[PDB]
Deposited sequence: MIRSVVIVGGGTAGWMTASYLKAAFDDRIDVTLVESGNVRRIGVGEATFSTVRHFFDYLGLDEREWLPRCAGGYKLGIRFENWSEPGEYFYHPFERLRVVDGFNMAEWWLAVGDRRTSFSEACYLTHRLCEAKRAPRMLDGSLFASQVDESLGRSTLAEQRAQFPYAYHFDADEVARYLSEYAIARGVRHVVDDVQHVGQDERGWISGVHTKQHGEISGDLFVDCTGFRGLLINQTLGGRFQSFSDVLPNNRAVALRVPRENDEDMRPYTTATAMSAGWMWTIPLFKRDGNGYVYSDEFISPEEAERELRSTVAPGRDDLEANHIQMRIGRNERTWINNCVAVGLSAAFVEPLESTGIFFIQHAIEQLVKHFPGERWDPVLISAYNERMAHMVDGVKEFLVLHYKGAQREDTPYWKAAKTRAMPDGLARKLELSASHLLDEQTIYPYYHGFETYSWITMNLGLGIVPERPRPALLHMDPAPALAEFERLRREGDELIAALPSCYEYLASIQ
């Protein structure tokens, strides 16, 4: 049985790990987290995926407690703007499709359908009317019912790290602020300790690499091989800003992904401000050009706002667990934030680390099974993301023209062939766990313009009444909800 964990890095990954380990094992694990006082955290990572409520539940934290305290907001979905038709948009919401007489509402929409998201999802209305997912009395709008509309969150990246470090430290995590200068290895190549500038050697049984893109343990010490995805997903840089909203009250309960001339831009509404960034490929546009394009769109004349330029490491380690070291966060893998998966990868890496926790024997088969899961997790998203670029109909710049013909991962060709005939399902999407469900694959395809040539032939043999009564039911439930629900900001104000 092993006793102690040493985490290197104090970004969102480090502090999520420290928190979760203490929540899981309490006093049956010793945890130390070492982080540099001079190497900054990435500074971004402000939108989350639908699994994140489980992370906070596991920690014993209600959203009323943790959300104001991370200066956050609600994420009901993502609004995709300008990807295909210009001025046009759709939502990818956190909401499962209803099923009528064996077929989901997407199939029926194609046969008897108003845009797809609008006809099929309550969430669409909530986004348009800028509603909170809760009534003022704190009851969920569905009124588990939380799974049927698995909304996520926006939060401030500084605050969440600050908040979780306090959570972890309150629970006995030893905190060291220092630079690791060298990582020791025993005669078998296993990590023996990390040598700091002022605190000597810090040893332990298990080491968690949370050093970001740098991969200081997993790559620079252990020689882990990093598999780049630049061949299919070229975006390799970002430029970020923190932009105050002219009107705080005007707060959207969703992230916006807006296609730009050489990439795309995020808008993440927080309680006090927006987060903004342009994800781009430097083969098509320079870092200044991108900064200029970004500022022009979301912050004209606001040169007091400092831009944060980021070089992204896109792809994954072949193995995120090597010897006694596990990489969590940007050190393990990263794909561009088009579907807000970075924090999801962290949560899933940590939840599966607890499941695959080593005993004094360090069982290689259990480690191997952990590595497979993490590989599948990222490869599924990678494929899902390439599908975004293949579905995007705009062709107006060298960038968008090149996205159309660029090589694809194995498997996607088949998914596109299928999709031109009929909708993807549980059996034809990526088959291993990667966060996303069928509705997400379908919703992107239909929003972007990858549509079956014709409706499902079976539906012509069937009574359309039950599905038409369902579309009407959705339309009426939507009407009632936007009338009864407070705004996104209103509800958040009431719980601050």
Missing CA coverage against the deposited sequence, listed in sequence order. 114-116, 147-158
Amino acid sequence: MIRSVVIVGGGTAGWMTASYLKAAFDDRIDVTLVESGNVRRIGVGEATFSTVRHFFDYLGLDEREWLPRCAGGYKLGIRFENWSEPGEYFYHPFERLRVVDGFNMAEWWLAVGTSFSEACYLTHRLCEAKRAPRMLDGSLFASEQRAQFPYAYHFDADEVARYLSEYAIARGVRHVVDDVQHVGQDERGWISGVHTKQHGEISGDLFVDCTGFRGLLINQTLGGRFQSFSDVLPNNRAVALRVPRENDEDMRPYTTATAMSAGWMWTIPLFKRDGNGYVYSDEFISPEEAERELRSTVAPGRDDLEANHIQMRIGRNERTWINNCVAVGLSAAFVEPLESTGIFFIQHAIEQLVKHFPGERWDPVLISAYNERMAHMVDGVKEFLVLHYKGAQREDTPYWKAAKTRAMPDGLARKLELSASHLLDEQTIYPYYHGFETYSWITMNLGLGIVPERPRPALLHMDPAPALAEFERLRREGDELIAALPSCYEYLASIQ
From here on, numbers count along this sequence of modelled residues.
Give the stretch, out of 296-304 and 277-285, with the larger mean C-alpha temperature factor in the deposited entry. 296-304
Do the C-alpha atoms of 351-359 or of 243-251 have the higher average B factor in the entry? 243-251
Taking only the Cα B-factors deposited for this chain, tell me whether residue 45 sits in the lowest, middle or highest third. highest
In terms of its chain's C-alpha B-factors, the third that includes residue 448 is the middle
Residue 7: CA temperature factor from the record, placed by chain third, in the lowest
Hey, what third does residue 133 fall into on Cα B-factor, ranked over its chain? middle
Entry-reported Cα temperature factor of residue 24, expressed as the chain third it lands in: middle
